[PDB]
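Before any comments, here is the structure.
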Amino acid sequence: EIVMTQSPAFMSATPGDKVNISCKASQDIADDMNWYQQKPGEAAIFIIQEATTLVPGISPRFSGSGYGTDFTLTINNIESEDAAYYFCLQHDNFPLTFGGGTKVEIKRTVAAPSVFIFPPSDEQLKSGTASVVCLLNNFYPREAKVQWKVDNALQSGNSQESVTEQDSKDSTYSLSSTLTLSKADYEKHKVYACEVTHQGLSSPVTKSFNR
Amino acid sequence: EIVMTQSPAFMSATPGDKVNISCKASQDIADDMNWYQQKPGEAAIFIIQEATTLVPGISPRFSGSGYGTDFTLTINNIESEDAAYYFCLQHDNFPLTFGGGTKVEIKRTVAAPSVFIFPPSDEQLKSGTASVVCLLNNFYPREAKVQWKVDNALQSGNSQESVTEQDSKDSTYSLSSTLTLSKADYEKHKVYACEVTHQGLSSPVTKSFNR
Amino acid sequence: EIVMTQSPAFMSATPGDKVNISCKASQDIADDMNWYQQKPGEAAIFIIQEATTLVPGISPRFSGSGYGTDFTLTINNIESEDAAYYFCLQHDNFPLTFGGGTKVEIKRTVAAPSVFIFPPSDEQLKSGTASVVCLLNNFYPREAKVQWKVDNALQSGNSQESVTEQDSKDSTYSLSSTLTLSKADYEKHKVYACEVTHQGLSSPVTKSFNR
Amino acid sequence: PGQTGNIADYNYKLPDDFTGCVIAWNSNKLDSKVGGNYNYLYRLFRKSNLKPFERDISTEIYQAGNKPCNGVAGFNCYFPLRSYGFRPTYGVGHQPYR
Amino acid sequence: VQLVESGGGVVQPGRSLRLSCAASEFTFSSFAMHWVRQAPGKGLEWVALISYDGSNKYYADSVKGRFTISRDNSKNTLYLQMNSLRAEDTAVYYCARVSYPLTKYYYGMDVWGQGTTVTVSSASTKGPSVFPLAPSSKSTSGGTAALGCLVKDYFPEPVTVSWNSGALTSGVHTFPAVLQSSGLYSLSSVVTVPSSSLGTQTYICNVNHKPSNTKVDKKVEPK
Amino acid sequence: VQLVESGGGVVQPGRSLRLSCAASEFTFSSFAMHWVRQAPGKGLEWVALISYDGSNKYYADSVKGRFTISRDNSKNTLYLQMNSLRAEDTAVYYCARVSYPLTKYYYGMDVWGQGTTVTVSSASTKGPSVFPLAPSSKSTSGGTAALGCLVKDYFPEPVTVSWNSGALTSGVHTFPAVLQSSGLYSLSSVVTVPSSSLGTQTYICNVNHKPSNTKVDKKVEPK
Amino acid sequence: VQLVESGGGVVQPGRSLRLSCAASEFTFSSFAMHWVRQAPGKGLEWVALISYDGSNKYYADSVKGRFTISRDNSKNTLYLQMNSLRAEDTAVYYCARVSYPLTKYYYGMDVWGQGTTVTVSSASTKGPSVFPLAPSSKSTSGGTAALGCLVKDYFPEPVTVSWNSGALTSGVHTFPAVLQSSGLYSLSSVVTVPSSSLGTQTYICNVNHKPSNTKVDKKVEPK
């Protein structure tokens, strides 16, 4: 059992510069490894064979180096279509062990998100449930925090979050936050709010609802 | 692998006449075949052994002839209980192979079918499906064609056909044609019909329904 | 295959006295048997080994005897907690075969049952079904017979019976009888009754309902 | 020597250590007559195998059913002698030999 | 002389099954046995052969390596074991007896069986859905009218249809079940009734689906 | 010393299942183990035997060729694999331990387990439907009256019934579930209360169904 | 050159399943094959390997003794049989081909497949519950407003959401489904439209749940 460590797990790629990904082994394997690329929703693509040979049909931008325990994959002159999932595999001795993972995302300027508040419909109310949601749109950096406030008290339960994937057109993002409670508990309180903090905003924004 | 060809596949039997059934072999087998009869719903009956000998207990009307490659099963003085499934088997060399099969049916005069139609019930309508059927009864020759017309447009899909077997009482037939569609498509259109052409009818008959 | 027969299948035990249970074999097995006790809901208990040896940790009231084909289990100075399922196993030759079964119940005085009746609720009526039930409580002997009478006519169909187990506190019983019909059939008839006979009652008791 | 079939198991049988010759020649125009020469029979089945140079000679109606057929061969009661049907119009491989 | 076989049924692809053929009123140990099969809408096909002692076993090329044939002379039984069943194995299986006894060089057959059905599919057991065909003013013709009930969807083949608990069997026609696109069979059952007698009598459908334990009965509804 | 069985449940006919028996507080690797079963309304039946090393395995005739017995000494586990299950396999399965260690010629069991239930049926999971049994003038006797609710129709047999969140457990009787003609279980639960308390206290049915995640509660309805 | 996998789906714990890998446009009979899997939120894990003639088979330690790998060169198919599935087997399964032909000592893959999904759970299939997200007076911003519909329940994962029969595909975002505490999935679908277009056009949600055959459409409700 050879444990293979891949670094780093996440990165941001400014279009133009070079990027190095390190795959490291706990034992000596010589040139007995392969580098593969897999885009979401499709099959994996054979990229590098035996850590040095470039598979025909692939762009010459990709390169690989290393012998022994340390190996490096180098991508030069990154474009918008280089965002995928790269992994390194060893096929020296059983059992075959894969690396970790690496997701590459294109870097652009920071954008201020837009926040919307949606209250529950009457169908939930007659069903016995309440669901308040609030959503954020069009912000590049994922470092956005949304908290739930009722009567100036923070709630750390019954709150769920969802985030979409990287946008292919202009590299934006979206996020939704949902808070679900019972109608009996919904009637007890009057005011609700979601408080969002994001580095693209000068001050954090609170969106409130009262009815 | 000796290939056995049996002819004819389907035959009509006028009572009192004679029937010849031909079984042929690709290779040469000498008196190494048997003739079997099987009525629907029961087990097969051992009829003729080695193409010449008549098995005791069978009526002397049946006979067999042939040697080498061509074999003929002959039936004289056809009666109403001679309608069955006959097949020829060779037991010379492995693997054993059977014939194709012949279905014999009695012949009578032509009868004009009676055509009825039925629309969907409210159970289907409240479920979300529609099923329209129309049936033909009491016709001897199976050659009857039914087409489905909605808004004077033919339908070549979502149609199912069923036909009953030969009647032992008076040698008649029956048939049903059904269309199963969605509730939205059923409620969009208004007029439906099935149009039947049969040789016993001077003119084809159309059965319609509007609701 | 050695058939092993255990007798009796059922019995009634007084608070005192001794009880003998017979286990017989169709062949000679010497002392190659064990006696086990299993209370309802728990695991079986290893009571007697080799038909003569008392297992350490068990009360000395239990005893066993017998060599050859006939064997006897003896319980002396019965108590309330001696009601269980006793079975005899032989382990001489494959396949291993168990005995039959034996249930021991504590006997007490006879108690007159109490009978109650319950008519169907409106939920069944709006659903399209009717169910009438009548129950008996607090009677020692299980020989209670219930019959269903509608319009002075006895019904032996669509009726179900259920009976609980022996009570651990004061050794009583309970039983329920249910009659389920369609709402259309229920609407027609008006009078229903369940008639119960029990040896603890001087005369049979009929509970009726008219609506 | 060392053979299996109808003739080797239910008829004439040779030992494994044979010390002689076998001689066969076709006699089509000597034994095959019009209509079929029904004068040459061979045993069809038998409970076991013959001993070397040992020959069963007699026949009995084998009863393979539940009713005791009274010396009559019918259904589930078989006579263990089938005859050849040598006719002049047959092909080689089915013609008489000596 | 009778041969009875059973054990067939619906099974998922890739699994195993065992069929048993029972013989009676004849000496089972002195005869060789045949397993044959017939696919729907196709001619018969030989499957396997076993001798009267069990030493010789013959298989077909298509079923070689997956089917095993065996026998029990004490119990008078013949066993076929099927492993790694695929979609091509859906057929009706027949158990046949060799004409002559105590023979290892004859292969003719004279006694057959009624057959059993084996279905290789990955569907789920469903209950039928019965609905009535209400008589119409166009259904009457010469004083007689047509009526019936349509079963909608069910996977298991065996469905019994009867009218008035089997009392009414005049003019009744039960059409064969036909497969639908989704994979659930459907048939129709129509019986002719006089127009005058239609409005004064009671007609119900008695449909019993044994595999799913379904008991649903529908009364004809004149509209 | 303890033995725990797990892995039971409902399975469609012709499919496979695996049961595991766990041993503890003793050396599992030096004892032989027994698998036994008891069908409803029938005496116990021996099924299988495995030795302490695993070379010797014994099976009953009725379960030959379908059941496989195995063990894992490192994990202290005993496994039974069942394939091609049929209608007669519905029973309660018991895991037992041979009395003597390091022996291969004794075949005597002393320690049993609680057991698991395996059901071979092709029904559909359904939720209970509660209906209260309204008390009447006929239901009172000597100052006490009876009232209950009739849980009805559900395939998964285990259903827990409690009253007033378990507070009321005096005078309450829960009858065993009985199968109906349609093949779905239904039972009753009745508790007697003083007639004076009618209309003054609250009595509710706490019906909890695990497989279908059913949350239905019904209060007694005086009429 | 293409590899297609199929046969995956939801299954209860303890049951069995079979996955099939189909190859084409190359000589399937001269290559070795790999079965791989990837658990959610975890790295890839090797499962099994088979050679071109089927003689050599290698398994992972975790799936030892429970999975069986096989191949059919005549039908150009690869089979993986899974028995006694547990909660740890929920993953995405991949079928891979070794780079070099007629070699037994390389073990290097170059062609993959999209793969299938296997879920090990004991829940019940349910239908979605649509709920319109009524736009509010605070939703308008810069002449544009947001609207959507919340989708609930539907234990089976695949749910397709579209607007105006797929005509409206600009500004619409469908968030990934998120699991709830009770074990039932949930997601949202939101699309932004100009504020002026409100009250003049028609917007509907088109939810199509294949496993439960659910077809529910809801129009946005202005308030």
Side-chain angles (χ1 to χ4, degrees), chain C residues 1-93 95-108 140-143 165-168 171 173, chain F residues 34 36-46 92 94 96 99 107-112 115:
Chain C
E1 177 73 344
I2 296 180
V3 165
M4 282 265 297
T5 301
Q6 184 176 350
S7 171
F10 276 77
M11 64 183 73
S12 52
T14 64
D17 303 6
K18 63 93 177 179
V19 171
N20 311 147
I21 307 173
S22 307
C23 192
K24 194 172 184 179
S26 66
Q27 284 152 52
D28 196 20
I29 59 172
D31 56 345
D32 270 338
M33 80 175 296
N34 305 56
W35 282 98
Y36 303 91
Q37 159 188 118
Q38 173 189 50
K39 286 178 181 260
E42 287 90 304
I45 312 166
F46 188 72
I47 312 301
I48 295 185
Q49 184 179 48
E50 312 258 9
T52 309
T53 310
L54 186 64
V55 174
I58 319 295
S59 172
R61 305 204 314 278
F62 293 145
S63 63
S65 57
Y67 186 92
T69 56
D70 299 333
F71 313 87
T72 288
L73 166 77
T74 298
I75 310 155
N76 189 359
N77 294 333
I78 298 169
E79 309 219 339
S80 57
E81 66 288 346
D82 308 335
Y85 187 66
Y86 299 119
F87 55 100
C88 52
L89 161 73
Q90 69 93 9
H91 58 92
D92 175 33
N93 63 270
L96 316 184
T97 57
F98 298 85
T102 288
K103 294 192 57 47
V104 183
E105 318 286 4
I106 309 305
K107 190 193 291 212
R108 65 171 261 290
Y140 167 69
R142 304 193 34 221
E143 284 62 71
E165 291 305 20
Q166 178 65 301
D167 194 21
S168 50
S171 305
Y173 267 119
Chain F
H34 283 271
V36 189
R37 89 179 168 195
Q38 184 194 23
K42 299 183 36 183
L44 281 77
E45 183 178 1
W46 180 74
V92 181
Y94 286 115
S99 313
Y107 317 110
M109 58 192 78
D110 59 1
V111 171
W112 294 66

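All chains are named by letter (A, B, ...) in the order of the sequence lines, taking the proteins before the strands, and each is independently numbered beginning at 1. Computed over heavy atoms, backbone and side chain alike; hydrogens, waters and symmetry mates excluded.
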Side chain to side chain donor-acceptor pair (under 3.5 Å) for C:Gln90 and C:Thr97? Distances and angles first, verdict last. CA-CA 6 Å; C:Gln90 69 93 9; C:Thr97 57; 3.0 Å; yes

Compare every heavy atom of [Y] with every heavy atom of [X], then report the nearest pair and how far apart it is.
X	Y	result
C:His91	C:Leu96	CA-CD2, 3.9 Å
C:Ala83	C:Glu105	CB-OE1, 4.4 Å
C:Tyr67	C:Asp31	CE1-N, 3.7 Å
C:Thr69	C:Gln27	CG2-O, 3.3 Å

Could you tell me whether C:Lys107 atom NZ has more than 12 heavy atoms of other residues or ligands within 6.0 Å of it? no

C:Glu165 atom CD: more than 12 heavy-atom contacts under 6.0 Å: no

By side chain to side chain contact (heavy atoms under 4.5 Å, CB included), C:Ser7 pairs with (sequence neighbours left out) none

To the nearest 0.5 Å, what is the distance between [atom1] on [X] and [atom2] on [Y]?
X	Y	atom1	atom2	value
C:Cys23	C:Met33	SG	CE	4.0 Å
C:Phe71	C:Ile21	CZ	CD1	15.0 Å
C:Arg108	C:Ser12	CZ	OG	13.5 Å
C:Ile29	C:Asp92	CD1	CG	6.5 Å
C:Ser22	C:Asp70	OG	CG	8.0 Å
C:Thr74	C:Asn76	OG1	CG	8.5 Å

Heavy-atom check, side chain of [X] versus side chain of [Y], under 4.5 Å:
X	Y	value
F:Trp46	F:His34	yes
C:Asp17	C:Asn77	no
C:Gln37	C:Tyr85	no
F:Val36	F:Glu45	no

Please assess F:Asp110 against C:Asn34 for the test side-chain contact (heavy atoms from CB on, under 4.5 Å), listing each intermediate value before the final yes or no. CA-CA 9 Å; F:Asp110 59 1; C:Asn34 305 56; over 6 Å; no

Given 3.5 Å as the limit, does a donor-acceptor pair link the side chain of [X] with the main chain of [Y], or not?
X	Y	answer
C:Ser26	C:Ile2	no
C:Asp82	C:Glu79	yes
C:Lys39	C:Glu81	yes

List the steps and the verdict of side-chain contact (heavy atoms from CB on, under 4.5 Å) for F:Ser99 and F:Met109. CA-CA 5 Å; F:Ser99 313; F:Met109 58 192 78; 5.6 Å; no

In terms of side-chain heavy atoms, does C:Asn20 have a donor or acceptor partner in C:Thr72 at a distance below 3.5 Å? no

Would you kindly say whether C:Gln6 and C:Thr102 are connected by a side-chain donor-acceptor distance under 3.5 Å?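 Short answer, yes.
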
For F:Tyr94, which residues count as a side-chain hydrogen bond (donor to acceptor under 3.5 Å, both in side chains) partner, sequence neighbours excluded? C:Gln38

Tell me, which pairs form a ring-ring contact (aromatic ring centres under 6.0 Å, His included) where one or both residues lie in residues 5-55 of chain C, sequence neighbours left out? C:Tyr36-C:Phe46, C:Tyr36-C:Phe87, C:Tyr36-F:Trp112

Residues which pass ring pair (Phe, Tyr, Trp, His ring centres under 6.0 Å) with C:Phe62, listed by chain and number, not counting sequence neighbours: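 Result, ring pair (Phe, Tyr, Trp, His ring centres under 6.0 Å) vs C:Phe62: none returned.
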
Output all residues satisfying ring pair (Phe, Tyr, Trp, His ring centres under 6.0 Å) with C:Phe98, sequence neighbours left out; order by chain, then residue number.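 With sequence neighbours excluded, C:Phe98 shows a ring pair (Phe, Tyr, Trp, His ring centres under 6.0 Å) to no residue whatsoever.
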
Please tabulate, for the side chains in residues 48-59 of chain C, all donor-acceptor contacts under 3.5 angstrom to protein atoms that are two or more places apart in sequence or on a different chain.
from, atom 1, to, atom 2, distance (Å)
C:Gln49, NE2, F:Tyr106, OH, 3.2
C:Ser59, OG, C:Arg61, N, 3.4
C:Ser59, OG, C:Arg61, NH1, 3.3

